[PDB]
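J.: Opening with a subset of the complex:
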Amino acid sequence: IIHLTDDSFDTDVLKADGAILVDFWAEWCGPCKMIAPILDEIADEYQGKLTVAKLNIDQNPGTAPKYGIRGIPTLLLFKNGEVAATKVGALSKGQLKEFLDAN
Amino acid sequence: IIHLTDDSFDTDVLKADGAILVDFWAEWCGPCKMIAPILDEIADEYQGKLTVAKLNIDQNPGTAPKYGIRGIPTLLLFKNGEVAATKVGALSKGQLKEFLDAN
């Protein structure tokens, strides 16, 4: 489980080798808590293939506005320093996979 | 079709060799009349395998209370002098068979 700050985003996400999934979230977001246990399973089954990161938008208000986030939870797939795909809202552990499989 | 009294229950049901199905019933019971034609079919198809008996609880009030009957119709399966299984209420000729097949 990788926690991020605004200061660490550059190195952790953008300068990163290999694919990375970022969960922009908050404590006061019902649906965000819903997928917290789901995201842990993917951190196992996509070992080496993916790294899973989290950014809490309350304590780090600087990053989300840069990416045009419309709400939370927002899953962002990064490859180099680039957004590959986007998932908005809480979802099944199965729809998440089909999303990861194709990109 | 075997009719019973309280006096004949002992010999006819309890001292009986082989399996026996007893229908505790009444004329003023809607559901009891419902299965009267059904019980005749089983008296044919289970020849030797089963004997089918009837006890009218109005004219023989002594027997049902001994067996903890909660209402009518009540089908009781006897083997020796023992209640093997119990069916309460009117039923299909098919559910009756699956009940007889298993016991």
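T.: Yes, it's here. Residues are numbered from 1 along each chain as shown, chains lettered A, B, ... in the order given.
J.: Give the other helices and strands that the longest helix belonging to chain A contacts.
T.: Across chain A, the longest stretch assigned as helix under DSSP state H is helix A:30-45. When contacts are defined as 3 or more CB pairs under 8 Å, 6 or more residues apart in numbering or on different chains; DSSP states H and E, helix A:30-45 sits against strand A:20-25, strand A:51-56, helix A:93-102. Using the backbone N, CA and C atoms, a C-beta is placed for each residue, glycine as well.
J.: ok now that helix, how far from the chain's centre?
T.: Chain-centre distance of helix A:30-45: 10 Å, with CA atoms, centre = their mean, to the nearest Å.
J.: quick one: it to strand A:51-56, angle?
T.: 160 degrees (axes from the mean of the first three to the mean of the last three CA atoms, to 10 degrees).
J.: got a list of contacts for helix A:30-45?
T.: For helix A:30-45, the external contacting residues (CB atoms under 8 Å, 6 or more residues apart in numbering or on different chains) are A:1, A:21, A:23, A:25-27, A:50, A:52, A:54, A:72-73, A:89-91, A:93, A:96-97, A:100.
J.: Most tightly packed of the helices and strands packed on helix A:30-45?
T.: strand A:20-25 (a mean of 23; mean count of other CB atoms under 10 Å in any protein chain shown).
J.: Kindly incorporate the sequence below as chain C:
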Amino acid sequence: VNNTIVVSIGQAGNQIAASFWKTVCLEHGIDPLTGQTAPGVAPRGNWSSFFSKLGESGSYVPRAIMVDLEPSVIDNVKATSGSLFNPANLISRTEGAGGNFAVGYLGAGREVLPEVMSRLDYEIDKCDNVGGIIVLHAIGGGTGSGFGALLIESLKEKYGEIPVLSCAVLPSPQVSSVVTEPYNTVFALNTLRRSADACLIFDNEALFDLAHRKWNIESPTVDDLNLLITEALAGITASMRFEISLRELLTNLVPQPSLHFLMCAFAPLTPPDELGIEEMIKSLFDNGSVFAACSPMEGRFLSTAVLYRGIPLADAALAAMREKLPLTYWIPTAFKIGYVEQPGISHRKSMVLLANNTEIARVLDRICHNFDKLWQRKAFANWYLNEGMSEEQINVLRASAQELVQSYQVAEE
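T.: Chain C, in position alongside the others:
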């Protein structure tokens, strides 16, 4: 902190209790198989109201007594609940009550009464402050009805100052068969009426319908019906577990001792497959939401308690609802609102409605009429007559129910 004991009786009663206790354990963070909580930390809320503690860093034991005249349900609870319950408080005999009120009240139930009362004596004594006993039982059979009525009477004779709430499961009309159930129900009703301090009804017909229509189960299981009851019961007791006593709760619900019958409703009734607060309240009060086969909105409310559970505007919609209820005019009314932080494990937020409503009369008159169908021809008379009841005694009890109905009929002006 007031203490509550739960005495469950017969098949239904003990099956419901088993599921009640597992749930309440989970809500408090108590392990339902051992009675233990995470090392160091304690159970959530006012746990001592329903549990009592054994050692130190120790086990939590439900204030529970389970009774049956047949062994198999209580044996299921033993197989499936580890060291949770007090072994001395699980009491069973062998032969059952054969669906006969009289065996429960005059026959075999009379024989277990002392042991049961002994266990009650012990659970009452170990309470620092006994707030109430709750009796869970179905009243269609012989044990929950006959022994249930016997125990209630015994309890009020000896303790008297202790409030007794009966949570009574009523039988749905049978169409496949003609059964003794109406007799048993009416016989039990007499006691519920004269001795219990309140009786909360659970109509099997409505629960089936709720499972079939709102939960979407093609053909509901007894286990589906019990889960409906469990969550209502978890909700009612929530106000006492996180605080108000059973006595304070019944005081506000009951304005006259001759009008102490209750119905309940639950929200959300969504299939086991999150709602706005205004619509939750709207649902909670709809006729198709009550755990009885009647329409509360077409009768009158004597008194109401709403107990909300979970996560302002909440006070506005409840106020609006208050003003829309048809009220009994000369009897004193109450509309009590409760809030509890800790949610049911089922739903992030939920509500129970407890209500004293005159429509209970249509439910009771349905039972009376099924009885009269049987009694007009002395249908199963000798079942009861050859077990200690007289013909005159049956009539007296039948008249007692008719009087209960009449009470609520009068309350409706």
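J.: The contacts of helix A:30-45 with chain C there, same question as before?
T.: By CB under 8 Å, 6+ apart, helix A:30-45 touches A:1, A:21, A:23, A:25-27, A:50, A:52, A:54, A:72-73, A:89-91, A:93, A:96-97, A:100, C:274, C:348.
J.: can you check stretch A:50-59 too?
T.: A:1-5, A:9, A:12-13, A:16, A:18-28, A:39, A:42-43, A:46, A:63-64, A:69, A:72, A:100.
J.: middle-most residue in the chain, spatially?
T.: As the question left the chain open, I've gone with chain A. residue A:22 (1.7 Å; CA atoms, centre = their mean).
J.: oops, I was thinking of chain C
T.: Note on chain C: the residue nearest the mean C-alpha position is residue C:167, at 1.8 Å, using CA atoms, centre = their mean.
J.: Give me the secondary structure label for it.
T.: strand (DSSP: H, G, I helix; E, B strand; the rest coil).
J.: Relative to chain B, which residue of chain A is the closest?
T.: The minimum distance from chain A to chain B, using CB to the nearest CB, falls at residue A:94 (38.5 Å).
J.: in chain C, which spans are strands?
T.: C:3-9, C:51-53, C:60-62, C:64-68, C:90-92, C:130-138, C:164-170, C:178-179, C:198-203, C:261-267, C:301-310, C:335-340, C:349-357 (DSSP state E).
J.: and the ones you listed as JSON lines, adding distance to residue C:378?
T.: Formatted as JSON lines, these follow (distance: least, CB to CB, whole Å):
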{"stretch": "strand C:3-9", "distance to residue C:378": "28"}
{"stretch": "strand C:51-53", "distance to residue C:378": "49"}
{"stretch": "strand C:60-62", "distance to residue C:378": "44"}
{"stretch": "strand C:64-68", "distance to residue C:378": "30"}
{"stretch": "strand C:90-92", "distance to residue C:378": "33"}
{"stretch": "strand C:130-138", "distance to residue C:378": "25"}
{"stretch": "strand C:164-170", "distance to residue C:378": "23"}
{"stretch": "strand C:178-179", "distance to residue C:378": "13"}
{"stretch": "strand C:198-203", "distance to residue C:378": "27"}
{"stretch": "strand C:261-267", "distance to residue C:378": "29"}
{"stretch": "strand C:301-310", "distance to residue C:378": "37"}
{"stretch": "strand C:335-340", "distance to residue C:378": "46"}
{"stretch": "strand C:349-357", "distance to residue C:378": "34"}
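J.: build in chain D:
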Amino acid sequence: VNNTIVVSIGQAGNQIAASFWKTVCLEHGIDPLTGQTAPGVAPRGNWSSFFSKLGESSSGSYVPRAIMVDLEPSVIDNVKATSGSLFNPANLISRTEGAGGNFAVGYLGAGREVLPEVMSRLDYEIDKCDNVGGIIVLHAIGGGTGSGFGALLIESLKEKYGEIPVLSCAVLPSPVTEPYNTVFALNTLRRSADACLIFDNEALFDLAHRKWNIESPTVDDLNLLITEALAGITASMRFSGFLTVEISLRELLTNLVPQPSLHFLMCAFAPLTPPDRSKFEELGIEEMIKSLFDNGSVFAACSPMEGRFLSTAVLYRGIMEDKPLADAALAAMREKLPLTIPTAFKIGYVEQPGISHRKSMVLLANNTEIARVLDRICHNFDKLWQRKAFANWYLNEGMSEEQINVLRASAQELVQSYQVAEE
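T.: Time to bring in chain D:
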């Protein structure tokens, strides 16, 4: 109607056995502490498949067609303590020593001593069957009783009865001498068992921690998962009904095993919803079927989708809300699976739900990724045997050094079989 006898060996075996029988009693309405039913009532379902009736209906009893064997007595003592008069006391056989985690003790030492009694109880159970349809052997293979005597008894079973199907349900250790015992047991499971269903403790551990939030999972937690799967697999044999597709152990293994050399199976279950919420929270059919075929749902630390399916059975039970949807879904899965050796895709349905889920599914598969689980084991065995770690343990016990090489080679012959089936 087919009869099944369940033989359980060693700690794991018997603890699982106890949990299985309690659940089965509850499904059939049989009192799990006394073998009785309420006055006048018979059990639900086809109870005689797994139970025999003792005596009259009054004081009589329904007795699990069960035999429990151990060397150490603690576990069978515990069964006696928790299970009233359910079992036939003559079918609970134990001694005094444990096998001390030594396969050779169970196979050649103290195990040989228990065999005539155990075999004699098998005789008695067998003969009192109208028609015996199979024997299920419940055991862990990381210790010395389940592995050694499990090996001894399956061999013995096949020599004496031959034609009777024998299915092993075998628990595998999670990453002591466990890798040694596993490998030794595998030989017999390869050569003599008609089929072997693995339960990988590593996967069970993860599921219990992951899906259920148990920080420190116990064996009780792991046994819940196994029990559900066992109840679910045996439901086709224990119930009948208008829509119930009755399937014998014979028919099941026939469809799951395409060649005698490929008879190792894995299983998945759904829903894996935490017991905490079991009846209050339900999955729809979609999510349920989806989950069933997910890599994170198999009782094996590996990924069936990255390998190839040789064969498959989906065993559904309980409520069916939407049969066109379920058929559409299974048909879609059937066309999505990586395939080899011609495949089978069998679907079973049982009306009766289990005791904890309104509807549930078990997936049994013959899949080539079982090679991964087996590979993990052999790498650990080789890591100890390369330096002869606890070798004298087994040498001083009757096994010869060259003969354990044979068994390491035997298991390798099985791991190569599944690798060949993939490419």
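J.: quick recheck of the contacts of helix A:30-45 now chain D is there?
T.: A:1, A:21, A:23, A:25-27, A:50, A:52, A:54, A:72-73, A:89-91, A:93, A:96-97, A:100, C:274, C:348, D:206, D:210, D:213, D:295-296, D:303.
J.: Wait, residue C:211 touches residue C:222, no?
T.: No: using CB atoms under 8 Å, residue C:211 is not in contact with residue C:222; the gap is 10.1 Å.
J.: Let me see the contact set for the residue nearest to the centre of chain A.
T.: Residue A:22 touches A:4, A:13, A:53-55, A:75-78, counting by CB under 8 Å, 6+ apart.
J.: Report the beta-bridge partner residues of it.
T.: Taking DSSP bridges, one obtains residue A:53, residue A:76 as the residues bridged to residue A:22.
J.: Tell me the spacing between it and residue A:54.
T.: Noted for residue A:22: a distance of 7 Å to residue A:54, by CB to CB, to the nearest Å.
J.: Equivalent analysis for residue C:360, please.
T.: Noted for residue C:360: a distance of 54 Å to residue A:54, by CB to CB.
J.: cool, residue C:379 as well?
T.: On the measure of CB to CB, residue C:379 and residue A:54 end up 70 Å apart.
J.: One more: residue A:35?
T.: Residue A:35 is 11 Å from residue A:54, by CB to CB.
J.: Next to chain A, which bits of chain C? Give me the list.
T.: C:274, C:348 (CB under 8 Å from any CB of the partner chain).
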